[PDB]
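Shown here: structure.csv, CSV, C-alpha atoms.
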```
chain,number,residue,atom,x,y,z
F,1,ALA,CA,64.2,-28.6,165.0
F,2,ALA,CA,67.5,-30.0,166.2
F,3,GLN,CA,68.8,-33.6,166.5
F,4,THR,CA,71.5,-33.7,169.0
F,5,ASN,CA,74.5,-36.1,168.6
F,6,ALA,CA,73.4,-36.8,165.0
F,7,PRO,CA,75.5,-38.7,162.5
F,8,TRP,CA,78.3,-36.5,161.3
F,9,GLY,CA,76.7,-36.5,157.8
F,10,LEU,CA,73.5,-35.0,159.0
F,11,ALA,CA,75.2,-32.4,161.1
F,12,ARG,CA,77.4,-31.4,158.0
F,13,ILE,CA,74.3,-30.8,155.9
F,14,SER,CA,73.1,-28.1,158.4
F,15,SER,CA,76.5,-26.5,159.0
F,16,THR,CA,78.8,-24.1,157.1
F,17,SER,CA,81.7,-25.9,158.9
F,18,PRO,CA,82.8,-29.5,159.6
F,19,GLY,CA,83.0,-31.0,163.1
F,20,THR,CA,79.6,-30.1,164.5
F,21,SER,CA,77.2,-32.7,166.1
F,22,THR,CA,73.7,-31.3,165.8
F,23,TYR,CA,71.5,-31.7,162.8
F,24,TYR,CA,69.2,-28.6,162.4
F,25,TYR,CA,66.3,-28.9,160.1
F,26,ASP,CA,62.8,-27.5,159.6
F,27,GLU,CA,60.1,-29.6,161.4
F,28,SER,CA,58.3,-30.2,158.1
F,29,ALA,CA,61.0,-32.9,157.5
F,30,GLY,CA,59.9,-33.8,153.9
F,31,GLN,CA,56.3,-34.5,154.7
F,32,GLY,CA,54.2,-34.9,151.6
F,33,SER,CA,57.2,-35.8,149.4
F,34,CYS,CA,58.1,-39.3,148.2
F,35,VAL,CA,61.5,-40.8,147.6
F,36,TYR,CA,62.0,-44.0,145.5
F,37,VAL,CA,65.1,-45.9,146.6
F,38,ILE,CA,66.1,-47.9,143.5
F,39,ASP,CA,68.5,-50.4,145.1
F,40,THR,CA,68.5,-53.9,146.8
F,41,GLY,CA,65.2,-53.2,148.5
F,42,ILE,CA,64.1,-51.8,151.9
F,43,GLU,CA,63.5,-53.7,155.1
F,44,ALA,CA,60.1,-51.7,155.6
F,45,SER,CA,59.6,-53.5,159.0
F,46,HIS,CA,62.7,-51.7,160.5
F,47,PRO,CA,61.3,-49.5,163.4
F,48,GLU,CA,63.5,-46.6,162.2
F,49,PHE,CA,61.1,-46.2,159.2
F,50,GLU,CA,58.1,-45.8,161.5
F,51,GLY,CA,55.8,-47.2,158.9
F,52,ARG,CA,56.8,-44.7,156.2
F,53,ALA,CA,58.6,-47.3,154.1
F,54,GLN,CA,57.0,-49.6,151.5
F,55,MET,CA,58.2,-52.0,148.8
F,56,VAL,CA,56.4,-51.3,145.6
F,57,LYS,CA,58.3,-53.3,143.0
F,58,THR,CA,60.9,-56.1,142.7
F,59,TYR,CA,62.7,-57.8,139.8
F,60,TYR,CA,63.6,-60.9,141.8
F,61,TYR,CA,61.7,-63.7,143.5
F,62,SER,CA,61.3,-61.7,146.7
F,63,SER,CA,61.0,-58.1,147.6
F,64,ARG,CA,63.1,-58.5,150.7
F,65,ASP,CA,66.4,-56.7,151.1
F,66,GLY,CA,68.7,-59.7,151.7
F,67,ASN,CA,71.7,-57.5,151.4
F,68,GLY,CA,71.3,-54.4,153.5
F,69,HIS,CA,72.5,-51.8,151.0
F,70,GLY,CA,69.1,-50.5,150.0
F,71,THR,CA,67.9,-50.4,153.6
F,72,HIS,CA,71.0,-48.3,154.5
F,73,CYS,CA,70.5,-45.8,151.7
F,74,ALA,CA,66.7,-45.6,152.5
F,75,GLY,CA,67.8,-44.9,156.1
F,76,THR,CA,69.9,-41.9,155.1
F,77,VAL,CA,67.0,-40.5,153.1
F,78,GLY,CA,64.4,-40.7,155.7
F,79,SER,CA,64.9,-42.9,158.8
F,80,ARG,CA,64.0,-41.2,162.2
F,81,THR,CA,67.6,-41.2,163.5
F,82,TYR,CA,69.8,-41.4,160.3
F,83,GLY,CA,67.6,-39.7,157.7
F,84,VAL,CA,67.8,-36.2,156.2
F,85,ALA,CA,64.0,-36.0,155.5
F,86,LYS,CA,62.5,-37.7,158.6
F,87,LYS,CA,58.9,-37.5,157.5
F,88,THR,CA,59.2,-38.4,153.8
F,89,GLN,CA,57.5,-41.4,152.2
F,90,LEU,CA,59.9,-44.1,151.1
F,91,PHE,CA,59.2,-46.5,148.2
F,92,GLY,CA,61.5,-49.5,147.5
F,93,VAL,CA,62.3,-50.7,144.0
F,94,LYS,CA,64.5,-53.7,144.1
F,95,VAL,CA,66.6,-53.8,140.9
F,96,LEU,CA,69.7,-55.2,142.6
F,97,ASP,CA,69.9,-58.8,143.7
F,98,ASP,CA,71.0,-59.7,147.2
F,99,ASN,CA,74.7,-59.5,146.2
F,100,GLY,CA,74.2,-55.9,145.2
F,101,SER,CA,74.2,-56.6,141.4
F,102,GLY,CA,71.7,-56.1,138.7
F,103,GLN,CA,71.6,-56.3,134.9
F,104,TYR,CA,71.3,-52.9,133.1
F,105,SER,CA,68.1,-54.0,131.5
F,106,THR,CA,66.6,-54.5,135.0
F,107,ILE,CA,67.9,-51.2,136.3
F,108,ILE,CA,66.4,-49.5,133.2
F,109,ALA,CA,63.1,-51.2,133.8
F,110,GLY,CA,63.1,-50.0,137.4
F,111,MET,CA,63.6,-46.4,136.4
F,112,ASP,CA,60.8,-46.6,133.9
F,113,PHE,CA,58.6,-48.2,136.6
F,114,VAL,CA,59.1,-45.2,138.9
F,115,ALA,CA,58.3,-42.8,136.0
F,116,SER,CA,54.9,-44.4,135.7
F,117,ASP,CA,54.2,-45.6,139.3
F,118,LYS,CA,54.5,-42.1,140.7
F,119,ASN,CA,51.4,-41.1,138.7
F,120,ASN,CA,49.4,-43.2,141.2
F,121,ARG,CA,50.9,-42.3,144.6
F,122,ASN,CA,50.0,-39.3,146.8
F,123,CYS,CA,53.0,-37.1,146.8
F,124,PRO,CA,51.8,-33.5,146.9
F,125,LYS,CA,55.3,-32.0,147.6
F,126,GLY,CA,57.0,-33.9,144.8
F,127,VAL,CA,58.9,-37.1,143.8
F,128,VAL,CA,62.6,-38.0,144.2
F,129,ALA,CA,64.5,-41.0,143.1
F,130,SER,CA,67.8,-42.1,144.6
F,131,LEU,CA,70.2,-44.4,142.6
F,132,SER,CA,73.2,-45.5,144.6
F,133,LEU,CA,74.3,-47.9,141.8
F,134,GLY,CA,76.4,-47.7,138.7
F,135,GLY,CA,78.6,-49.4,136.1
F,136,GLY,CA,80.4,-48.7,132.9
F,137,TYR,CA,79.2,-46.1,130.4
F,138,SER,CA,75.9,-47.0,128.8
F,139,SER,CA,73.8,-44.8,126.5
F,140,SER,CA,70.7,-46.8,127.4
F,141,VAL,CA,71.2,-46.5,131.1
F,142,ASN,CA,71.8,-42.7,130.8
F,143,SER,CA,68.7,-42.3,128.6
F,144,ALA,CA,66.6,-44.1,131.2
F,145,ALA,CA,67.9,-41.8,133.9
F,146,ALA,CA,67.1,-38.8,131.7
F,147,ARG,CA,63.6,-40.1,131.0
F,148,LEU,CA,63.0,-40.5,134.8
F,149,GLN,CA,64.1,-36.9,135.3
F,150,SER,CA,62.1,-35.5,132.4
F,151,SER,CA,59.0,-37.3,133.7
F,152,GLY,CA,59.1,-35.0,136.7
F,153,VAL,CA,61.3,-36.8,139.2
F,154,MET,CA,64.3,-35.4,141.1
F,155,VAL,CA,67.0,-38.0,140.2
F,156,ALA,CA,70.1,-38.3,142.3
F,157,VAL,CA,72.7,-40.8,141.3
F,158,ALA,CA,76.1,-41.9,142.7
F,159,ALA,CA,79.3,-40.5,141.0
F,160,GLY,CA,80.9,-44.0,141.5
F,161,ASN,CA,83.7,-45.3,143.7
F,162,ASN,CA,86.5,-45.6,141.1
F,163,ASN,CA,88.6,-42.5,142.0
F,164,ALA,CA,88.2,-41.5,138.3
F,165,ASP,CA,86.3,-39.3,136.0
F,166,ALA,CA,82.5,-40.1,136.3
F,167,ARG,CA,82.2,-39.5,132.5
F,168,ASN,CA,83.0,-43.2,132.0
F,169,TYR,CA,80.3,-44.5,134.3
F,170,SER,CA,76.5,-44.7,134.1
F,171,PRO,CA,74.1,-43.4,135.2
F,172,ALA,CA,76.7,-40.9,136.7
F,173,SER,CA,77.5,-39.5,133.3
F,174,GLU,CA,74.0,-38.5,132.4
F,175,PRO,CA,74.1,-34.7,132.4
F,176,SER,CA,70.4,-34.0,133.2
F,177,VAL,CA,70.4,-35.8,136.6
F,178,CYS,CA,72.0,-35.0,139.9
F,179,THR,CA,75.4,-36.7,140.0
F,180,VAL,CA,76.8,-36.9,143.6
F,181,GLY,CA,80.4,-37.3,144.8
F,182,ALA,CA,81.4,-38.3,148.3
F,183,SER,CA,83.2,-36.3,151.1
F,184,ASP,CA,84.5,-37.4,154.5
F,185,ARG,CA,84.2,-35.9,158.1
F,186,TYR,CA,87.2,-33.6,157.5
F,187,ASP,CA,85.9,-32.1,154.3
F,188,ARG,CA,88.2,-34.2,152.2
F,189,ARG,CA,87.0,-35.7,148.9
F,190,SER,CA,86.4,-39.4,149.7
F,191,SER,CA,89.4,-41.4,148.5
F,192,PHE,CA,87.2,-43.6,146.3
F,193,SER,CA,84.9,-40.9,145.0
F,194,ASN,CA,84.7,-40.3,141.3
F,195,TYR,CA,85.1,-36.7,140.1
F,196,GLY,CA,84.9,-34.7,136.9
F,197,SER,CA,82.9,-32.1,135.1
F,198,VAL,CA,79.6,-34.1,135.2
F,199,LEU,CA,79.5,-33.9,139.0
F,200,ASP,CA,76.9,-31.5,140.3
F,201,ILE,CA,77.4,-31.7,144.1
F,202,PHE,CA,79.1,-33.6,147.0
F,203,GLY,CA,77.5,-35.2,150.0
F,204,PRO,CA,78.8,-37.1,153.1
F,205,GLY,CA,79.9,-40.5,152.0
F,206,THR,CA,82.6,-41.8,154.3
F,207,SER,CA,81.8,-43.6,157.6
F,208,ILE,CA,78.0,-43.1,157.3
F,209,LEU,CA,75.8,-44.6,160.0
F,210,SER,CA,72.4,-45.8,158.9
F,211,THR,CA,69.8,-48.6,159.1
F,212,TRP,CA,70.6,-52.2,158.1
F,213,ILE,CA,68.7,-55.4,157.7
F,214,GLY,CA,67.8,-57.5,160.7
F,215,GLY,CA,66.6,-54.3,162.4
F,216,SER,CA,70.2,-53.3,163.0
F,217,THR,CA,72.5,-50.4,162.0
F,218,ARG,CA,76.0,-50.0,160.6
F,219,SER,CA,78.5,-47.5,159.1
F,220,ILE,CA,79.7,-47.9,155.5
F,221,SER,CA,81.3,-45.7,152.8
F,222,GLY,CA,80.6,-44.8,149.2
F,223,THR,CA,79.2,-42.3,146.8
F,224,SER,CA,76.3,-44.6,147.4
F,225,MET,CA,75.9,-43.0,150.9
F,226,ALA,CA,76.3,-39.5,149.6
F,227,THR,CA,73.6,-39.9,147.0
F,228,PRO,CA,70.7,-40.4,149.5
F,229,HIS,CA,71.8,-37.3,151.5
F,230,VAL,CA,71.1,-35.3,148.3
F,231,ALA,CA,68.0,-37.2,147.6
F,232,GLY,CA,66.7,-36.5,151.1
F,233,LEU,CA,67.8,-32.8,150.9
F,234,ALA,CA,65.8,-32.5,147.7
F,235,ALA,CA,62.7,-33.9,149.3
F,236,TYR,CA,63.2,-31.7,152.3
F,237,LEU,CA,63.5,-28.6,150.1
F,238,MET,CA,60.6,-29.5,147.9
F,239,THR,CA,58.4,-29.9,150.9
F,240,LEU,CA,59.5,-26.4,152.0
F,241,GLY,CA,58.6,-25.0,148.6
F,242,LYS,CA,62.1,-23.7,147.9
F,243,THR,CA,62.5,-25.7,144.8
F,244,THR,CA,60.9,-28.2,142.4
F,245,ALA,CA,62.0,-31.7,141.1
F,246,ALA,CA,63.2,-30.1,137.8
F,247,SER,CA,65.2,-27.4,139.5
F,248,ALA,CA,66.2,-29.0,142.8
F,249,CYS,CA,69.7,-30.1,141.7
F,250,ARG,CA,70.7,-26.6,140.5
F,251,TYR,CA,69.0,-25.1,143.6
F,252,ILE,CA,71.1,-27.4,145.8
F,253,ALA,CA,74.2,-26.4,143.9
F,254,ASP,CA,73.3,-22.7,144.1
F,255,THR,CA,73.0,-22.9,147.8
F,256,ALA,CA,75.8,-25.3,148.6
F,257,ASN,CA,78.8,-24.7,150.9
F,258,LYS,CA,81.4,-23.4,148.4
F,259,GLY,CA,85.1,-24.0,148.4
F,260,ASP,CA,85.2,-26.1,151.5
F,261,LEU,CA,86.4,-29.5,150.1
F,262,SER,CA,90.0,-30.6,149.7
F,263,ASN,CA,91.6,-32.8,147.0
F,264,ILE,CA,89.1,-31.7,144.4
F,265,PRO,CA,90.6,-32.0,140.9
F,266,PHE,CA,90.6,-29.1,138.5
F,267,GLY,CA,87.4,-29.1,136.5
F,268,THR,CA,85.2,-30.6,139.4
F,269,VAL,CA,82.8,-28.4,141.4
F,270,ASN,CA,83.7,-27.7,145.0
F,271,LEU,CA,80.2,-27.7,146.3
F,272,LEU,CA,78.8,-29.5,149.3
F,273,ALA,CA,75.1,-30.2,150.1
F,274,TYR,CA,73.8,-27.6,152.6
F,275,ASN,CA,70.2,-27.0,153.9
F,276,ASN,CA,70.8,-23.3,154.8
F,277,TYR,CA,68.5,-23.8,157.7
F,278,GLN,CA,68.3,-20.7,160.0
F,279,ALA,CA,66.2,-21.2,163.1
S,1,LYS,CA,78.8,-51.5,151.3
S,2,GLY,CA,78.6,-49.3,148.2
S,3,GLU,CA,77.2,-49.0,144.6
S,4,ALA,CA,75.8,-51.8,142.5
S,5,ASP,CA,76.2,-53.3,139.1
S,6,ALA,CA,76.3,-53.3,135.4
S,7,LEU,CA,76.0,-54.3,131.9
S,8,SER,CA,73.7,-55.2,129.1
S,9,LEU,CA,71.9,-51.8,128.7
S,10,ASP,CA,68.6,-53.5,127.7
```

I need this file expressed as structure tokens, please.
Amino acid sequence: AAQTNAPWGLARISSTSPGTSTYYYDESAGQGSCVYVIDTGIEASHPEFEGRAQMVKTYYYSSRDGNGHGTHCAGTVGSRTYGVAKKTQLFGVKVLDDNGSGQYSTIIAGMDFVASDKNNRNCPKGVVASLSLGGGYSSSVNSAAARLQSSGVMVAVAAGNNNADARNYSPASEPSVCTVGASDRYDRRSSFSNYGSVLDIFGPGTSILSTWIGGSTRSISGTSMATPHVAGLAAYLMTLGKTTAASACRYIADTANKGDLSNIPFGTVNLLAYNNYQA
Amino acid sequence: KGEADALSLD
């Protein structure tokens, strides 16, 4: 399948080179997989989710996304027009308030929730969790991330937007998950993207168009936008049977575009998410 | 716009 005039990020994921406009992907599109977007929530009513999105847990008075962030990330995972895995099942877990903030205890709780909740969802092709959030180093947050991964979930987390080594940020610094950096349209490391040895992969993160609340759309930047590309790619690949939740991150790294990014510091992988789709 | 938030670590 081919999506013409797709967001640059989608087109980059199905290309060996930057600057293309079509997103090529297998028609299965992540059917049968499930992705938990652990964020500010998901506007499930947005037409772009076509009924494939549902809120399953909130740690606040309401399950509504009063911010937009969570909706945008969910959109990049699986909305019709802006998503990597267009047929995946989206589950919203609101651990961030409407200002985009959340206590670590709450974020930890959300991760444990997903580890248990998946045991009662129908996801024959696998489960993925996308965490476009982060803060200072925390052994407890990292352990929660590691537990979620160990439980059988493909965890993708943002590297952080501090233009620094991700070793000082959580859950970015947890080795066993998939830590994602951001890149721009010209294959440059996003100016704000964290780097370092703990990074596993890069995804499109600068000027990323996706869904927003109020049934709208908008472009924003962050490692937060790169993360759901990798989460969506994992789901896509798991549905195709190419990999599993436990191995998806290294499978994506194995098959990434190599050596294409600029301003990558010594000690950081030069690998960019790639679906290797051959019509 | 990007990321989220921190502290406490349960």

**Study point:** Which of F:36, F:186, F:169, F:49 sits closest to residue 6 of chain S [using all atoms listed in the file]
**Key:**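 Going through F:36, F:186, F:169, F:49 one by one, the smallest distance to residue 6 of chain S is for F:169.
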
Exercise for review: Name the residues within 8 Å of (70.7, -51.0, 129.4), counting all atoms listed in the file in the file's coordinates, and put them as JSON, numbers by chain.
Suggested key: {"F": [103, 104, 105, 106, 107, 108, 138, 139, 140, 141], "S": [7, 8, 9, 10]}

Please determine the contact residues of chain F with respect to chain S at a cut-off of 10 Å, counting only C-alpha atoms, and supply them as a PDB file with C-alpha atoms, keeping the file's coordinate frame.
```pdb
ATOM      1  CA  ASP F  39      68.500 -50.400 145.100  1.00  0.00           C
ATOM      2  CA  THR F  40      68.500 -53.900 146.800  1.00  0.00           C
ATOM      3  CA  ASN F  67      71.700 -57.500 151.400  1.00  0.00           C
ATOM      4  CA  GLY F  68      71.300 -54.400 153.500  1.00  0.00           C
ATOM      5  CA  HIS F  69      72.500 -51.800 151.000  1.00  0.00           C
ATOM      6  CA  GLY F  70      69.100 -50.500 150.000  1.00  0.00           C
ATOM      7  CA  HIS F  72      71.000 -48.300 154.500  1.00  0.00           C
ATOM      8  CA  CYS F  73      70.500 -45.800 151.700  1.00  0.00           C
ATOM      9  CA  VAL F  95      66.600 -53.800 140.900  1.00  0.00           C
ATOM     10  CA  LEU F  96      69.700 -55.200 142.600  1.00  0.00           C
ATOM     11  CA  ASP F  97      69.900 -58.800 143.700  1.00  0.00           C
ATOM     12  CA  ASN F  99      74.700 -59.500 146.200  1.00  0.00           C
ATOM     13  CA  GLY F 100      74.200 -55.900 145.200  1.00  0.00           C
ATOM     14  CA  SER F 101      74.200 -56.600 141.400  1.00  0.00           C
ATOM     15  CA  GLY F 102      71.700 -56.100 138.700  1.00  0.00           C
ATOM     16  CA  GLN F 103      71.600 -56.300 134.900  1.00  0.00           C
ATOM     17  CA  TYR F 104      71.300 -52.900 133.100  1.00  0.00           C
ATOM     18  CA  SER F 105      68.100 -54.000 131.500  1.00  0.00           C
ATOM     19  CA  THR F 106      66.600 -54.500 135.000  1.00  0.00           C
ATOM     20  CA  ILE F 107      67.900 -51.200 136.300  1.00  0.00           C
ATOM     21  CA  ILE F 108      66.400 -49.500 133.200  1.00  0.00           C
ATOM     22  CA  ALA F 109      63.100 -51.200 133.800  1.00  0.00           C
ATOM     23  CA  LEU F 131      70.200 -44.400 142.600  1.00  0.00           C
ATOM     24  CA  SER F 132      73.200 -45.500 144.600  1.00  0.00           C
ATOM     25  CA  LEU F 133      74.300 -47.900 141.800  1.00  0.00           C
ATOM     26  CA  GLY F 134      76.400 -47.700 138.700  1.00  0.00           C
ATOM     27  CA  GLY F 135      78.600 -49.400 136.100  1.00  0.00           C
ATOM     28  CA  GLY F 136      80.400 -48.700 132.900  1.00  0.00           C
ATOM     29  CA  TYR F 137      79.200 -46.100 130.400  1.00  0.00           C
ATOM     30  CA  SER F 138      75.900 -47.000 128.800  1.00  0.00           C
ATOM     31  CA  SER F 139      73.800 -44.800 126.500  1.00  0.00           C
ATOM     32  CA  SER F 140      70.700 -46.800 127.400  1.00  0.00           C
ATOM     33  CA  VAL F 141      71.200 -46.500 131.100  1.00  0.00           C
ATOM     34  CA  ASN F 142      71.800 -42.700 130.800  1.00  0.00           C
ATOM     35  CA  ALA F 144      66.600 -44.100 131.200  1.00  0.00           C
ATOM     36  CA  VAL F 157      72.700 -40.800 141.300  1.00  0.00           C
ATOM     37  CA  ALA F 158      76.100 -41.900 142.700  1.00  0.00           C
ATOM     38  CA  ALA F 159      79.300 -40.500 141.000  1.00  0.00           C
ATOM     39  CA  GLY F 160      80.900 -44.000 141.500  1.00  0.00           C
ATOM     40  CA  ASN F 161      83.700 -45.300 143.700  1.00  0.00           C
ATOM     41  CA  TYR F 169      80.300 -44.500 134.300  1.00  0.00           C
ATOM     42  CA  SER F 170      76.500 -44.700 134.100  1.00  0.00           C
ATOM     43  CA  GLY F 205      79.900 -40.500 152.000  1.00  0.00           C
ATOM     44  CA  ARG F 218      76.000 -50.000 160.600  1.00  0.00           C
ATOM     45  CA  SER F 219      78.500 -47.500 159.100  1.00  0.00           C
ATOM     46  CA  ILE F 220      79.700 -47.900 155.500  1.00  0.00           C
ATOM     47  CA  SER F 221      81.300 -45.700 152.800  1.00  0.00           C
ATOM     48  CA  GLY F 222      80.600 -44.800 149.200  1.00  0.00           C
ATOM     49  CA  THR F 223      79.200 -42.300 146.800  1.00  0.00           C
ATOM     50  CA  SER F 224      76.300 -44.600 147.400  1.00  0.00           C
ATOM     51  CA  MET F 225      75.900 -43.000 150.900  1.00  0.00           C
TER      52      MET F 225
END
```

**Study point:** Length of the atom CA of residue 236 of chain F to atom CA of residue 274 of chain F vector [Å]
**Key:** 11.4 Å

Practice item. Work out how far atom CA of residue 92 of chain F is from atom CA of residue 34 of chain F, in Å to one decimal. Key: 10.8 Å

Any chance you could tabulate, as a tab-separated table, the residues of segment 26-82 of chain F at most 10 Å from segment 112-126 of chain F with each one's nearest atom pair and distance in Å to one decimal, using only C-alpha atoms, in chain and rising number order?
```
residue	atom	partner	partner_atom	distance
F:30	CA	F:125	CA	8.0
F:31	CA	F:125	CA	7.6
F:32	CA	F:125	CA	5.1
F:33	CA	F:125	CA	4.6
F:34	CA	F:123	CA	5.7
F:35	CA	F:126	CA	8.7
F:36	CA	F:114	CA	7.3
F:37	CA	F:114	CA	9.8
F:38	CA	F:114	CA	8.8
F:56	CA	F:117	CA	8.8
F:57	CA	F:113	CA	8.2
```

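Rounded to one decimal, atom CA of residue 128 of chain F and atom CA of residue 178 of chain F lie 10.8 Å from each other.
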
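Checking F:198, F:89, F:98, F:28 one by one against residue 53 of chain F, counting all atoms listed in the file, you find the shortest gap at F:89.
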
Practice item. Find the residues around segment 261-266 of chain F up to 6 Å (all atoms listed in the file counted), leave out those fewer than 3 positions away in its own chain, and share them as a VMD selection string. Key: chain F and resid 187 to 189

Can you put N, CA, C and O atoms back into chain S and show it as a tab-separated table (two decimals), keeping the file's coordinate frame?
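New file result-v2.tsv:
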```
chain	number	residue	atom	x	y	z
S	1	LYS	N	77.72	-52.44	150.82
S	1	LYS	CA	78.80	-51.50	151.30
S	1	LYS	C	78.88	-50.25	150.40
S	1	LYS	O	79.17	-49.17	150.90
S	2	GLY	N	78.62	-50.41	149.11
S	2	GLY	CA	78.60	-49.30	148.20
S	2	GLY	C	78.33	-49.69	146.74
S	2	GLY	O	78.81	-50.72	146.25
S	3	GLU	N	77.51	-48.87	146.08
S	3	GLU	CA	77.20	-49.00	144.60
S	3	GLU	C	76.46	-50.27	144.26
S	3	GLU	O	75.83	-50.93	145.10
S	4	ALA	N	76.45	-50.58	142.97
S	4	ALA	CA	75.80	-51.80	142.50
S	4	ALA	C	76.53	-52.44	141.33
S	4	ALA	O	77.64	-52.96	141.45
S	5	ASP	N	75.84	-52.36	140.15
S	5	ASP	CA	76.20	-53.30	139.10
S	5	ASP	C	75.82	-53.02	137.76
S	5	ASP	O	75.05	-52.12	137.50
S	6	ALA	N	76.30	-53.67	136.78
S	6	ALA	CA	76.30	-53.30	135.40
S	6	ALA	C	76.19	-54.31	134.33
S	6	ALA	O	76.12	-55.52	134.53
S	7	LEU	N	76.19	-53.78	133.22
S	7	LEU	CA	76.00	-54.30	131.90
S	7	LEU	C	74.72	-54.98	131.40
S	7	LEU	O	73.95	-55.63	132.15
S	8	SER	N	74.67	-54.71	129.98
S	8	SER	CA	73.70	-55.20	129.10
S	8	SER	C	73.03	-53.98	128.37
S	8	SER	O	73.01	-53.91	127.14
S	9	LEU	N	72.58	-53.00	129.16
S	9	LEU	CA	71.90	-51.80	128.70
S	9	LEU	C	70.65	-52.07	127.86
S	9	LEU	O	70.42	-51.52	126.77
S	10	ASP	N	69.82	-52.94	128.43
S	10	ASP	CA	68.60	-53.50	127.70
S	10	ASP	C	68.86	-53.85	126.24
S	10	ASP	O	68.08	-53.37	125.38
```
